[PDB]
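> One structure coming up, written as structure tokens, with questions to follow.
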Amino acid sequence: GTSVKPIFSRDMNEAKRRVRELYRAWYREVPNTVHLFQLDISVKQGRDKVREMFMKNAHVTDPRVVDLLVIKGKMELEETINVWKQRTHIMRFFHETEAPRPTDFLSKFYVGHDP
Amino acid sequence: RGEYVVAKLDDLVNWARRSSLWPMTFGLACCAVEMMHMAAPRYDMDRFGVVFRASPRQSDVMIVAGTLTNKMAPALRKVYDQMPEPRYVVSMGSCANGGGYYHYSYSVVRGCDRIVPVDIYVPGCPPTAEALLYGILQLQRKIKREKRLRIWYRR
Amino acid sequence: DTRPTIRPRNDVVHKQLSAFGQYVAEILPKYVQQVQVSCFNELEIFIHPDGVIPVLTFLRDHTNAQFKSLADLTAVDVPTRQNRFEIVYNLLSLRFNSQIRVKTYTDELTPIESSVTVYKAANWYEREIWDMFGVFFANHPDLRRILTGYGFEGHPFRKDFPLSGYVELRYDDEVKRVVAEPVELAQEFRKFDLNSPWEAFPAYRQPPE
Amino acid sequence: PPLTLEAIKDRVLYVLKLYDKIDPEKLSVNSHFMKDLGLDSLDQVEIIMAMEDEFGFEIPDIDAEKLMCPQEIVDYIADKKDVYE
Amino acid sequence: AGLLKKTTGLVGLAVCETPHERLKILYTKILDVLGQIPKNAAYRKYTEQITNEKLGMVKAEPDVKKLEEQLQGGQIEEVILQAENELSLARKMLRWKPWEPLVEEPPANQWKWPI
Amino acid sequence: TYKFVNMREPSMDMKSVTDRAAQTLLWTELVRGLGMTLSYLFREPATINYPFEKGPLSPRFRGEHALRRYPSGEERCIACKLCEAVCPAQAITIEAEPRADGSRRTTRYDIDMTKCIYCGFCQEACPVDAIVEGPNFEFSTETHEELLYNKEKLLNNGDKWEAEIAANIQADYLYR
Ligand code: SF4
Ligand code: SF4
Ligand code: SF4
């Protein structure tokens, strides 16, 4: 039933261990990417943007899924340091252009007839 | 007359801008065949003063040819910015000008004009070589319909 | 050919690959769940996820198979089955001019040990499947995004990602760069519900449920 | 000159003070990150990284999780640095 | 017999001036590793059939050219290289032991088309 | 059957090495290139004098569309809607409601040039040869909006490229 094959994790411990130095690699990644890619957003801005993206993937409770997020997570940092990505790619997570989607009931009610 | 001298100078300034403009490519897809299949002897374009040459700093018009994917979108924009002024872009092919076949797919922008200010649109899938040659001819005629020095003098 | 409309069928090829299907079945009956010949004379091998390396190595060096030309590797993602990603290889043997199909099954989470040891051709036939579908192959040299935009999310060729995708590009003056945004279509891709309500082939009729 | 533990004590507590979230008030000699101070495990990764810049040292992740208060930070690095003042 | 092959016609695949003897020693070598695997396995039941078969043809006829036709394996260097990977294939499934029944049966509706 | 390409076994005799040494010392294969190119120069070119003359085409040529009409002027289109049912790029949109004389013919026939593929499936799909691929191709425009065709634009091109299209379809209906 619950028998599934691993890729990198058995227990949440080592699963949370992988996201630890994944943060560590990403934590030290911010100071170089902002300067080398010539942005405008601040260093701590990037650091918290890395931070928050962790919190989005926090409600999952399966060692089986987190590592899939880890490999997806580790599938991006090298794309930044080795100048593979571009300014439109790494500032994209800095969601800037789009207008702010209304959150309260009235403002959604006013904008359109959609949920 | 004051208007006459600026009229003669304006013509002289843009008489050969429509005859010495040199095309630039990016050659994305099957439209990149007619791109230089016109440079083939049959539909000679070197005679028209135009001649294909990349040299993004030293070219006049770029003939955007092929399907514009999102992945390349930075590359075109950085090329058009590096493009010196005056500059024109020609959207060859249905995919380049309006997405064409792949308009509904996830990895192509629906038309090049969503990315670059797009001049004369030459349609075709692909545009048969002379259709762009006709399109290039329209671009040169558009160059005559310009009042650059006239507008400056009016101001 | 007395019936020029129909495609003429061959039987000497039919039984021979049928016999070879049994041959491979006996040699390693640990992984081959079942073998299916085709009316198109394309015999197919159905293997187990752990069986990728054995059979692929077996057809590679065996003296009666010599299947060493990796034709393609792809997925046939089928939502209605628990193993949605159906990983299938195609092999070609020059010595005996035959084509072998080996088919597996996998979920979104289960991995497959990389076949780069068998064929280094898979090196890039592995990357796109991880990108296009999302299934991850273990012990592979690199799992990079090869056929998508940089920073692209999800997996397009799945039966979940819509045709138009989720994100659209456009060059904006304020930022002086081509930025993204949620997709918006001038025309919605219309629907063509074209599957007839009349049964087509009694031969391939699905068994009653 | 060597690198004393009173040095270790202050500079470990110095950069811990510098990071924005920590308030001087609740900080103490114990000031346990989890049940006394109060942060998240990722914030625990944050502070140990701040320790790296403060010391110019390196700590493995196999021991980063147990560093649950500044006292362990002081004790742990003093152990490997082999300086006991 | 015949004068030395100027080129096998396949680049990288060089020539071997000792065709029959090298084929034989490699052939007893694959006979050796065939011993460790059980006889009852269909592997051993099928390899020894072609082992004793074409070990006879190489032993009986020593000429390069007649051996080429009898084995339809191109030049001898192709055949011995082909037999070489047979040895490596023998070693791999020595440890594999793929003789027990299926690891587990396929899911109920995992196969069968259409969906 | 097959034939080799690279293998040459260049003979090492005194005469043969002289030719190879002469070729290297006093270049001969290169001067052959000069001779071939010069022979090319003294040959009249293949360039065409556009627009004063334009290259050949075929009666089957697929270009800018046009909605044709019967001998008396009736629209051939009936909104059977087969054309967009096979339009590979879904460039055709059609709506029909009642027409004054009891009829319920079409109102909308917009083939987006920037979506169209010019495959010609539409004209083959049409059972009344209403939509066709015209011979014209010189319709480049400087606005994306111009290529977005409508019903009136299609009908006008049908009345413009009429005699030519009628002759082509008369010279090609036996093949189809
Ligand atoms: S318009 Fe046609 S020929 Fe040109 S790139 Fe698109 S599909 Fe290819
Ligand atoms: S053009 Fe022809 S196929 Fe298309 S709607 Fe009109 S009659 Fe039908
Ligand atoms: S020629 Fe254009 S309009 Fe006609 S079917 Fe093909 S894509 Fe559609």
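Chains as they are written, first to last, in the deposited numbering: chain 1W, 14 to 128; chain 1B, 25 to 179; chain 1C, 6 to 214; chain 1T, 4 to 88; chain 1V, 1 to 115; chain 1I, 1 to 176. Yeah, the Cβ is synthetic: ideal placement off N, Cα and C, and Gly gets one too.
Quick check on DSSP: helix, strand or coil for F137 (chain 1I)?
Translated into the one-based positions of the sixth sequence, residue 137 (chain 1I) becomes position 137. Reduced to three states, the DSSP call for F137 (chain 1I) is coil.
> Would you call the stretch 101-120 of chain 1C and the stretch 75-92 of chain 1C touching, i.e. three or more CB-CB distances under 8 angstroms?
Touching, per the Cβ criterion.
> Does ligand 3 have a heavy atom nearer than 8 angstroms to the CB of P47 (chain 1B)?
Numbered from 1 along the second sequence, position 23 holds the residue referred to as residue 47 (chain 1B). No, the Cβ of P47 (chain 1B) stays beyond 8 angstroms of every heavy atom of ligand 3.
> Does at least one heavy atom of ligand 2 sit under 8 angstroms from the Cβ of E105 (chain 1V)?
On the fifth sequence, residue 105 (chain 1V) is found 105 positions in, with the first residue counted as 1. No, Cβ of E105 (chain 1V) sits at least 8 angstroms from all heavy atoms of ligand 2.
> At a threshold of 8 angstroms, does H65 (chain 1I) count as lining ligand 3 (C-beta to nearest heavy atom)?
For the purposes of this step, residue 65 (chain 1I) is taken as residue 65 along the sixth sequence, with counting starting at 1. Yes, the Cβ of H65 (chain 1I) comes within 8 angstroms of a heavy atom of ligand 3.
> Skipping 5 residues on each side, what residues in its chain have a beta carbon closer than 7 angstroms to that of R23 (chain 1W)?
For the purposes of this step, residue 23 (chain 1W) is taken as residue 10 along the first sequence, with counting starting at 1. Closer than 7 angstroms at Cβ, skipping near neighbours: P76.
> Would you say the beta carbon of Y28 (chain 1C) comes nearer than 8 angstroms to a heavy atom of ligand 3?
Against the third sequence, residue 28 (chain 1C) aligns to sequence position 23. For ligand 3, not one heavy atom lies less than 8 angstroms from the Cβ of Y28 (chain 1C).
> Tell me whether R68 (chain 1I) counts as near ligand 3, meaning its Cβ is closer than 8 angstroms to at least one heavy atom of that ligand.
Locating residue 68 (chain 1I) in the sixth sequence gives position 68, where the first residue counts as 1. Answer for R68 (chain 1I): no, Cβ out of range of ligand 3.
> Any beta carbon from chain 1V within less than 9 angstroms of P161 (chain 1C)'s own beta carbon?
Within the third sequence, residue 161 (chain 1C) is the residue found at index 156, counting from 1. With 9 angstroms as the cut-off, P161 (chain 1C) does not count as an interface residue toward chain 1V.
> Measuring CA to CA, which of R37 (chain 1W), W39 (chain 1W) and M25 (chain 1W) is closest to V79 (chain 1W)?
Start at 1 with the first residue of the first sequence, and residue 79 (chain 1W) comes out as number 66. Ranking the options by Cα distance to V79 (chain 1W), first place goes to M25 (chain 1W).
> Using alpha carbons as the reference points, say which of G9 (chain 1V), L4 (chain 1V), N40 (chain 1V) and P98 (chain 1V) lies closest to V5 (chain 1I).
Counted from its first residue, the sixth sequence places residue 5 (chain 1I) at position 5. It is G9 (chain 1V) whose Cα lies nearest to the Cα of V5 (chain 1I).
> Whose CB is closer than 6 angstroms to a heavy atom of ligand 1? List the residues in chain order.
Working through the chain, the matches are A53 (chain 1B), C54 (chain 1B), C55 (chain 1B), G90 (chain 1B), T91 (chain 1B), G117 (chain 1B), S118 (chain 1B), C119 (chain 1B), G124 (chain 1B), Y125 (chain 1B), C149 (chain 1B) and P150 (chain 1B).
> Could you check the C-alpha separation between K84 (chain 1T) and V15 (chain 1T) for me, to the nearest Å?
Indexing the fourth sequence from 1 puts residue 84 (chain 1T) at position 81. Indexing the fourth sequence from 1 puts residue 15 (chain 1T) at position 12. Cα to Cα, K84 (chain 1T) sits roughly 14 angstroms from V15 (chain 1T).
> Any heavy atom of ligand 2 closer than 8 angstroms to the CB of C116 (chain 1I)?
Numbered from 1 along the sixth sequence, position 116 holds the residue referred to as residue 116 (chain 1I). Incorrect: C116 (chain 1I) has no Cβ contact closer than 8 angstroms to ligand 2.
> Under 8 angstroms by Cβ, that's how I've got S43 (chain 1C) and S74 (chain 1C) pegged, so tell me the actual separation to the nearest angstrom.
The residue labelled residue 43 (chain 1C) in the question sits at position 38 within the third sequence. The residue labelled residue 74 (chain 1C) in the question sits at position 69 within the third sequence. Wrong, their Cβ atoms sit about 19 angstroms apart, outside the cutoff.
> From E27 (chain 1B) to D34 (chain 1B), what distance separates their C-alpha atoms?
Translated into positions along the second sequence, residue 27 (chain 1B) becomes position 3. Translated into positions along the second sequence, residue 34 (chain 1B) becomes position 10. For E27 (chain 1B) and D34 (chain 1B), the distance between alpha carbons rounds to 10 angstroms.
> What does a CB cutoff of less than 6 angstroms around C54 (chain 1B) pick up in its chain, not counting 5 residues either side in sequence?
As a position in the second sequence, residue 54 (chain 1B) is number 30, starting the count at 1. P150, listed in sequence order.
> Taking Cβ positions only, does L52 (chain 1W) come closer than 9 angstroms to chain 1C?
Numbered from 1 along the first sequence, position 39 holds the residue referred to as residue 52 (chain 1W). It does not; no Cβ of chain 1C falls within 9 angstroms.
> Within the continuous beta strand (DSSP E) that includes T49 (chain 1B), where are the two ends?
What you label residue 49 (chain 1B) is simply residue 25 of the second sequence in a count that begins at 1. It spans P47 to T49 - the beta strand (DSSP E) in which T49 (chain 1B) sits, taken as one unbroken run.
> Is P73 (chain 1T) helix, strand or coil by DSSP?
In the fourth sequence, residue 73 (chain 1T) corresponds to position 70, counting from 1. DSSP places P73 (chain 1T) in helix when its eight states are reduced to three.
> Count the other C-beta atoms from every protein chain shown that fall within 10 angstroms of the C-beta of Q87 (chain 1C), then say buried if there are 16 or more, exposed otherwise.
Along the third sequence, read from residue 1 onward, the residue named residue 87 (chain 1C) stands at position 82. With fewer than 16 other Cβ atoms within 10 Å, it is exposed.
> Under the assumption that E142 (chain 1I) contacts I144 (chain 1B) (Cβ atoms under 8 angstroms), give the Cβ distance between them as a whole number of angstroms.
Translated into the one-based positions of the sixth sequence, residue 142 (chain 1I) becomes position 142. Translated into the one-based positions of the second sequence, residue 144 (chain 1B) becomes position 120. Correct: roughly 5 angstroms between the Cβ atoms.
> What three-state label does DSSP hand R60 (chain 1W) in the structure shown?
Counting from 1 along the first sequence, the entry for residue 60 (chain 1W) is found at position 47. It is helical.
> Given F138 (chain 1C), which residues of its chain have a CB within under 7 angstroms of its CB, disregarding the five upstream and five downstream residues?
Translated into the one-based positions of the third sequence, residue 138 (chain 1C) becomes position 133. Counting only Cβ-Cβ distances below 7 angstroms, and skipping sequence neighbours, we find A80, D82, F90, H160, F162 and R163.
> Would you give the residue range spanned by the alpha helix (DSSP H) that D35 (chain 1B) belongs to?
Within the second sequence, numbered from 1, the residue matching residue 35 (chain 1B) stands at position 11. Residues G26 to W39.
> Going by DSSP in three states, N109 (chain 1V) sits in which element: helix, strand or coil?
Sequence index remark: in the fifth sequence, residue 109 (chain 1V) carries index 109 (1-based). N109 (chain 1V): coil per DSSP, three-state reduction.
> Could you pull out every unbroken alpha helix (DSSP H) segment of at least 4 residues lying fully inside the stretch 64-104 of chain 1I, listed in chain order?
Runs of the alpha helix (DSSP H) inside the stretch 64-104 of chain 1I: 82-86.
> Along chain 1I, in chain order, which residues have C-beta atoms closer than 7 angstroms to that of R195 (chain 1C)?
Locating residue 195 (chain 1C) in the third sequence gives position 190, counting from the first residue. Those within 7 angstroms of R195 (chain 1C) in chain 1I are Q90.
> What does the Cβ neighbour count give for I111 (chain 1I), buried or exposed, with the cut at 16 atoms within 10 Å?
As a first step, residue 111 (chain 1I) is located in the sixth sequence; it is residue number 111 there, counting from the start. Answer is buried; the Cβ neighbour count reaches 16.
> Is there a Cβ from chain 1I that is less than 9 angstroms from the Cβ of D84 (chain 1B)?
Along the second sequence, one-based indexing puts residue 84 (chain 1B) at 60. Output row for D84 (chain 1B): interface = no.
> Does the beta-carbon of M57 (chain 1V) have 16 or more other beta-carbons within 10 angstroms, so that it is buried, or is it exposed?
Indexing the fifth sequence from 1 puts residue 57 (chain 1V) at position 57. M57 (chain 1V) is exposed by the Cβ-count criterion.
> In three-state terms, what does DSSP make of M60 (chain 1B)?
Taking the second sequence and counting its residues from 1, the one referred to as residue 60 (chain 1B) is at position 36. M60 (chain 1B) falls in the helix class under three-state DSSP.
> Would you identify the three-state DSSP class for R86 (chain 1C), choosing helix, strand or coil?
Locating residue 86 (chain 1C) in the third sequence gives position 81, where the first residue counts as 1. DSSP places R86 (chain 1C) in coil when its eight states are reduced to three.
> By the criterion of Cβ-Cβ separation under 9 angstroms, what are the contact partners of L81 (chain 1W) in chain 1C?
Taking the first residue of the first sequence as 1, we reach residue 81 (chain 1W) at position 68. Residues of chain 1C passing the Cβ test: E113, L114, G139 and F141.
> Using DSSP with H/G/I as helix, E/B as strand and the rest coil, what is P187 (chain 1C)?
Residue 187 (chain 1C) sits at position 182 when you count from the first residue of the third sequence. Strand at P187 (chain 1C).
> How about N94 (chain 1B): is its C-beta nearer than 9 angstroms to some C-beta of chain 1C?
Position 70 of the second sequence holds residue 94 (chain 1B). Yes, its Cβ sits closer than 9 angstroms to a Cβ of chain 1C.
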